[PDB]
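[1] Once you've seen the sequence and the experimental structure below, I've got questions.
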Amino acid sequence: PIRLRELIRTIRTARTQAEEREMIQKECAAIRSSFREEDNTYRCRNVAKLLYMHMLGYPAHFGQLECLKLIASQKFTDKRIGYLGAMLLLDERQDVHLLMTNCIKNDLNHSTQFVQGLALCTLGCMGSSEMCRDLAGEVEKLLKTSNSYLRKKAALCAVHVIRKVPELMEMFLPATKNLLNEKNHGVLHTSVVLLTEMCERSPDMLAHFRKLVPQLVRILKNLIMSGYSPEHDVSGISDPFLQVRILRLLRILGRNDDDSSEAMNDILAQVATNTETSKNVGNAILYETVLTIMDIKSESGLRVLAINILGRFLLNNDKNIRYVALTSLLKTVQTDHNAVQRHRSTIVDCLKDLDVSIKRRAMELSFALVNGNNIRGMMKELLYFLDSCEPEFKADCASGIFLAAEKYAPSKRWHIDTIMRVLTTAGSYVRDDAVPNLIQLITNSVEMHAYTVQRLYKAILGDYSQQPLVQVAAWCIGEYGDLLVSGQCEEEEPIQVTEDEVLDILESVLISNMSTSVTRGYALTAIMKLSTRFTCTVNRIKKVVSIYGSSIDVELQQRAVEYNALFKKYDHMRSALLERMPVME
Amino acid sequence: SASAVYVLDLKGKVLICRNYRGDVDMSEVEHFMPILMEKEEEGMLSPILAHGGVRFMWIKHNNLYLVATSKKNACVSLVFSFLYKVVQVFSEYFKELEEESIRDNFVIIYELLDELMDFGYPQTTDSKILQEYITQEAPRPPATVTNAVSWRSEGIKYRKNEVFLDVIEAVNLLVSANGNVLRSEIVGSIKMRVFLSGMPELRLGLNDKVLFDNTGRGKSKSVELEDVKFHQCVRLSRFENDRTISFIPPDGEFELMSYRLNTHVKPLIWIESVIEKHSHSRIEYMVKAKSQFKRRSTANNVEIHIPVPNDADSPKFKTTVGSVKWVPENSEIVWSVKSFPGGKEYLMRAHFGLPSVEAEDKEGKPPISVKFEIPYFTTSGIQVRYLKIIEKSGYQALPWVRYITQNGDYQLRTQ
Amino acid sequence: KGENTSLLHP
Amino acid sequence: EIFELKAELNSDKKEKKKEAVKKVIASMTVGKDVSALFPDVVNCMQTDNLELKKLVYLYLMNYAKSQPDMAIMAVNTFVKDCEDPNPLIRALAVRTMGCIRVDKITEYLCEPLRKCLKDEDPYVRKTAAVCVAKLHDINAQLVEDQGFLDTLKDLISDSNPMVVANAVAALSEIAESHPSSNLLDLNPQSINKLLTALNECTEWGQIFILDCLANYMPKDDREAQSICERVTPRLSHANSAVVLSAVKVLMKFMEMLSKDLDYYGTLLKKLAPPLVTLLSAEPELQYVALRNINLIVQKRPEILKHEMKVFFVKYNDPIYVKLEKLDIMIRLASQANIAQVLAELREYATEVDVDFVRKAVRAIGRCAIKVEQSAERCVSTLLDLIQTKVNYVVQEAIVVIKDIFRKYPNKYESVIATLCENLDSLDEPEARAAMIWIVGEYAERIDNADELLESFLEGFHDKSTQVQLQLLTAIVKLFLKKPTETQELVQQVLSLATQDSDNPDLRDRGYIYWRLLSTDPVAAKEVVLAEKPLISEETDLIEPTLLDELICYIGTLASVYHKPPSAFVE
Amino acid sequence: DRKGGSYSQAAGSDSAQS
Amino acid sequence: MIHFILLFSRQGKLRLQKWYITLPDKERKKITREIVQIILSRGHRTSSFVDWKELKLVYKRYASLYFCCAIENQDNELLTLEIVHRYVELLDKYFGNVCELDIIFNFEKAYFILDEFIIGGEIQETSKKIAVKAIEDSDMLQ
């Protein structure tokens, strides 16, 4: 019987990874040999060693039947070891907890409180779709008990069952009725959590759960009245978890009703001024109250107080405080949007902050605060941030800029220029999915094509390694070859487009090693469409298509073969299927 | 052309570093550990690392990674040879290759590193020569390094001139799961521990097939090594001219010649394995070993390693000859036999249970390898003719040599 | 070492 | 600590100074910034003890760049030590002078370098050559002004063959960084002198001697034959680097050798045993040997025609070694050893390495495509891998089957039924697209092609651009071939890819397909379902210009990376 | 004695080769 | 609720692990490795808040061993820090001068305390003395 402490000391004494792995394998072999004989005296030590090995990163598949056998045992230590094994190495996808349902049912009616509490905790931690179905009745039976130490466990089990089985919440409607007068803080917190979970799961109980708003307000006022707490009072805040739960319930209760907001308006006003945010608990309580006020139909004074609190917390030098303020501002973007414009300087400064989370929050706030009047002004700031942004934020910044241009672009020409600049500067940071959106936007716009075509031609000849920019340029060329070059049928004066540079660029892109088979297909389609779109360069792309028909790629080879067949046998019918594609939103 | 050769540790700490060219910053060693960790986690780890424009070639040592950072397109083979020479010198000077000796002989280690190479070009590579000029417990450099004979120090005097040779034979057999041997190559090893007085020039002579054909005696048993590599002291000119193995023997144990040719004979030990593995119920090990070697030769310390199941437990061994021990660390059962006479037939019947829960991922089928080693056996049949020991002073030498046959890459593919 | 030190130092 | 060390170093006790030096060396090795104490150790530098002198020189070299100003108080000490009677002291002083990265330090060391250039001691000569090479690398203009090129060139034609090799290596290094003007190339007498001293050179000197011959270009068959004969004994050297250098020199000389003469045949015959010996080297050099074999394989593939058993990957071989062995087997694959290659691939497909399994599958597919005699064997192996019930193995088999169908689909109709029901629920794009293309192109031996394509049409609008294009092509091919059972399927595909498809290329392809269908369905068979020409597989052989350049660069870092020497340096 | 084959005396050259 | 709470040392060794979401063993190991790398590759002025995988990855270690939590974006950020501080205080009170060495030896006790404190990722014992008394009573049972 190797003790857990001895195994830990042996593991710590190993230095090399191979030696530690060998020691773990030897310990697992010894444990398996002991379990194969059906040992029950030193089962706790073997279970502890197996759990330690599993936590270190060792396989524990063979240590599954032993945990199940120890679960149905009678020893308190053996029962605890089995419960720990079921919670740690037992999961819904494991499939070994199916036989544990009988053990849980047998232990659900156990007289000992530790066994019943441990079983309830294990069921809540490892809640399954089928385990809850056969254990829903047992959970509801314990919900009506008067045990303060077991009331919280029953509430947690009911919440876990509701989360795993949303259709089982109908049986908990009468079990939690008349449970707002619990003296114990834990029982009251469990009841509040269960009520909030029921309200969030379905809105049918919102009206039924909204009648207890005066009781919750009275409880919150009574808790606030006693500013000290021998139990649960940490950092000068008594029952911070209870206060947070009450604030969350108030924010989620009556979010679209005036009576609920009016009833809790006085409580929110008292909390917003009777709470000190010097400590972390006070700051969290203030943030929760501000979020509840913003998410509910509160008064103008409450909204002003929440905005002032958010602004004060924004100037706090604490990284956590700054992140909380940024999150609150982002959440209160649509609501109190005009009042959020006063923090434009703070949002801009947060982009240059030395915190990754703070910088991300500032960027999100700036993106969400872009309107139809500050979009033009904020475009330069967004471009500067994207140019000098982190590698993980350059793609996000480019996506946000593109979304702002497509949603609140001041003009098509300005939006087109911004998109072209983003494509040129984004390079490999432009998402491939945004390429279809850019193509659709270009196709929809039929007023700015000559300038856009010229810009695409200029950006294509300089560089071709950018997959999104290259694809956009190829699509633009295929769509507006007739407008990119004017009077290019024969030799003319030296212009930007001579009817031969585009074909050479397309051939280089198709034959260039920097092709992912997607831009090559777009280039081939553009070249095929240019046979009818452009009448200057003719009789030359047919040879390339015929040669390109033997490509290594099956799809590319088939496309080349089809293009060659169309050029050699459907020359008169080439223009019959080269019509412009329809433009739709 | 490595910029600087340094010795790392298992935790990424550099035990000792010595820049040779100065073109690579010493701070690049810190990024070597993250690069190695990323390569290992993605399967792209290689001995020759690449940190931007500077390549950090590292060799997995006993306890530290001998990382030799380089900047230009230096000779990778030359860098590897220099690293191997440095490792050999460290092993000769220090019996242990770990962090205990890295930080215990720094005063002499720095001097040895400085004297070994300068400006990225190694200069001193003889362990005896290095020890004769740099010691951990200084005179002018020895004339042996400057002289042509850098592998035989002059002036050595001994009471008796005795040389102990070792005919090391490595029997490597690559038997696939189908029962056929794919890679069956035997690599010879002629290593002699010469301990005499002076600098005698050994005149190696054996029953070589090429030599017998050249001399007209190509009718008896002659060893035809496909690849023959001479030692550093061995003169390549004589061997290319008329196969004359004439060279000055070194002071101590050294490898003069190492034959390497394919083997077309039957394996010395024929091992057949039977896997009566039930579906999560039990496992059967029908391992039968047949001695294909001569009955007059006994395979001492024969250990036929049979890989058992990874999750197998409670195993029972039912064999006839040889003790069978299951090592959980190795995850296999080795059929260890103290003495294995030729022609012996050992049958074993393993039986062990398996866990009810099936394994989440497969563990593979490692090949079964044996550790048979039968000394005084010459499978190749090559017999040494004579050893021409000539000294300027004139003495009667009494060279000795022993033939040892062992199992090298004798791995049998699992079913 | 750094492991024997208290998590909160109280 | 620091104050106590400074006080100990500023004392007149030799034991205390030695203890302080040892403590400073230990602190520097442990990661302690001891550069602040360099000026204190400057006074305690001229010491009779050689152990303290070496430590002081090492500290100055490691603290020269950090404190260049404080290094000006060591020029006199270096000058005094450069005339020390002990050869070891002179060599250490020469090494320290060249190891000090001081712009103003090497200027005053030119006189000591010139004095030590003509040192009689071979170790002293080697140290002087190394110092001259270091000075030239640090300052080429200073080396040219000092006129050390003439001294380096004359060192080759003198005694001290190890010193001669060191001087030759230094001259090659200087010319390597030189712009090729005023090269140090030698006439055939110089090559003969180097070859004569090659046999007396040490292990390190042999590489330097062989490096010079790598740049020399033979112009006569007799000279090339003599060079090959001289380099032949180098193939029987225990040094892996020396063997690799000799092999590279022989390969370079074979470029001007005549195939009619028997010298080329003898060199090829003697090269195979060298390759076999190198293949059994240490794992660190195994990758280098594999890279060298691959580089020389494209030049003389007939040299290792019979070297196939050694190409098998060992059980204990590393992942890089296994990959190199697989690449060598793929490049050296032939119909003579087709069965052995298939057996190795089948055995290699049972390993637990996903990357190794994928590499083995790719090698098997490449062997099947390159050699059509084993097309049936490759198809059987792919079918067995698919039936093995491995997700990665199944995907690899599907990819191999799709590649073979596009390459050799004339006799690939016997696997459509087997591949029709082959656990097609895999969502891997590489396998899904290959299966869709196979179904579309081979929609003749399967009577439920429309039913199979119905399952893949549920998420055609959101599967992938390439996957959507492949599905549309397969639907179009099925409609062209059998439109009675796919008349509605083609219309549904056109509607999904034309109205619900926002992809530009995909939308254009769908519009083109719809236009072709609505214009002339008969012409769609000759336009869409046309007989494609032979697929031009990408050749894995490097360009002849790069192969010739890579022959000269043997054993360098570029050979392992398979990149040009100028495309990998910074 | 010694494991791996007892040491045996070696000649000087091939006496039958002259 | 808290999706997963794991205690990882500065060197990367994990002293605790408790995930309230059923995930594959390989996926769970990959997630733990990514969390350790993010925490190990983060400075002391990052606010101890990371939005990784849309989860409030809050890292706040008062000693060499650090602690990480993963909660949904539906509650205040300071609540997680307060809960972590309360749990640390309760563990210190239950053990007495809790160190890294005692955590490894008391892995079963730490797991039992965590289970008795928070079940399913939600707070189960708001008070600090009631939970300690319950843990002591359970331990005294045998």
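    Nice, thanks for sending it over. Residues are numbered from 1 along each chain as shown, chains lettered A, B, ... in the order given.

[2] Quick check: closest non-adjacent residue to the residue of chain C found nearest chain F.
    Taking C-beta to the nearest C-beta as the measure, chain C has residue C:3 as its residue closest to chain F, at 3.2 Å. All C-beta atoms are positioned from the backbone trio N, CA, C, and that covers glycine. Leaving aside its sequence neighbours, residue C:3 sits nearest to residue F:100 (C-beta to C-beta, 6 or more residues apart in numbering or on different chains; 3.2 Å).

[3] Was I right to think that neighbour contacts residue F:65?
    Yes. Using C-beta atoms under 8 Å, residue F:100 is in contact with residue F:65, at 5.2 Å.

[4] Looking at those two, which is more packed in?
    Neighbours were counted for residue F:100 and for residue F:65 using other C-beta atoms under 10 Å in any protein chain shown; residue F:65 has more, 24 against 21.

[5] check contacts around residue D:346.
    D:381, D:384 (C-beta atoms under 8 Å, 6 or more residues apart in numbering or on different chains).

[6] could you say which helix or strand contains it?
    Taking DSSP states H and E as the criterion, the element that holds residue D:346 is helix D:338-348.

[7] What residues of that helix count as buried?
    Neighbour counts over helix D:338-348 (16 or more other C-beta atoms under 10 Å in any protein chain shown) mark D:338, D:340-348 as buried.

[8] how about the strands in the chain?
    No chain specified, so I'll use chain A. In chain A, the strands defined using DSSP state E lie at A:233-234, A:237-238.

[9] that's the wrong chain, I wanted chain E
    E:8-9.

[10] Report the closest residue of it relative to chain C.
    When distances are taken as C-beta to the nearest C-beta, chain E reaches nearest to chain C at residue E:3, 47.7 Å away.

[11] surely that residue meets residue B:402?
    No. Under the criterion of C-beta under 8 Å, residue E:3 is not in contact with residue B:402, lying 9.7 Å apart.

[12] Common neighbours of the two, please.
    Residues touching both residue E:3 and residue B:402 (C-beta under 8 Å, 6+ apart) are residue B:375.

[13] Compare neighbour counts for those two and give me the winner.
    When neighbours are counted by other C-beta under 10 Å, residue E:3 and residue B:402 differ, and residue B:402 comes out ahead with 18 against 12.

[14] Correct me if wrong, but the more buried one is in a strand.
    Yes. Applying DSSP: H, G, I helix; E, B strand; the rest coil, one finds residue B:402 inside a strand.

[15] Bridge partners for it, pull those for me.
    Beta bridges link residue B:402 to residue B:166 when assigned by DSSP bridges.

[16] got a list of what it touches?
    By C-beta under 8 Å, 6+ apart, the residues touching residue B:402 are B:164-167, B:375-376, E:2, E:4-8.

[17] Start and end of stretch B:326-337, how far apart?
    Start-to-end span of stretch B:326-337 (C-alpha to C-alpha, to the nearest Å) is 14 Å.

[18] Could you pull out the buried residues of it?
    Judged by neighbour count (16+ other C-beta under 10 Å), stretch B:326-337 contains these buried residues: B:326, B:328, B:331-335, B:337.
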